[PDB]
Amino acid sequence: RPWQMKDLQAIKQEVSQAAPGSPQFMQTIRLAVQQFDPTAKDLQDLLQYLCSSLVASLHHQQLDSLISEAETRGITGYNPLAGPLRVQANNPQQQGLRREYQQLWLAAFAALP
């Protein structure tokens, strides 16, 4: 049950005025992420739709650092012999990795301003 075009259009329109990482944007994006239960691929699509290449790159770097610390510590469900967290989160049998990816994503995007 992935999102459709209308959901993305509403998500972008409702937060057109606000700035990335504002409390309003964080509210709406967090609700979307917690409601649709998407993988990393869909999150990348959503970010490309919402913010430009500059904000995309900044979030990419911040999320790289956050994932770096998180999975360098060691995580309950992460096994580094199978692939990067971006790929484990895309397997529907690793929901723990998917939820960790979602939370790192939202925190990284909130850490912009």
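Procedures and definitions
Residues numbered from 1 in each chain as written, not as in the entry; some residues may be left out. Part of a larger assembly, values for the part shown. Heavy atoms only, no water. Residues with missing side-chain atoms left out of burial classes, pairs and counts. Helix = DSSP H or I, 4+ residues; strand = E, 2+ residues; numbered from the N terminus. Rg over C-alpha atoms; globule rule 2.2 N^0.38 Å. Expected span 1.5 Å × (residues − 1).

You'll find the protein entered in the PDB entry as Gag protein (Fragment), with Human T-cell leukemia virus type I given as the organism. Here the entry title, as the record gives it, is "Structure of immature HTLV-1 CA-NTD from in vitro assembled MA126-CANC tubes: axis angle 05 degrees".

Looking only at helices and strands, the protein has 6 helices and 0 strands in total. Reading the protein from its N terminus to its C terminus gives the helix and strand order α-α-α-α-α-α. For 113 residues, the compact-globule estimate of 2.2 N^0.38 gives 13 Å, and the C-alpha radius of gyration of the protein, at 14 Å, lies within 12% of that figure. Expressed along its principal axes, the backbone C-alpha trace of the protein runs to roughly 45 × 30 × 20 Å.

With 14 residues, helix 2 (residues 23–36) ought to run about 20 Å at 1.5 Å a step, and its terminal C-alpha atoms sit 20 Å apart, in line with that. Just downstream of helix 2 lies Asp37, where phi reads positive at about 60 degrees.

A separate point is unusual backbone geometry. The residue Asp37 is not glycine, and still its phi comes out positive at about 60 degrees. Structurally, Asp37 is set in the loop between helix 2 and helix 3 (40–50).

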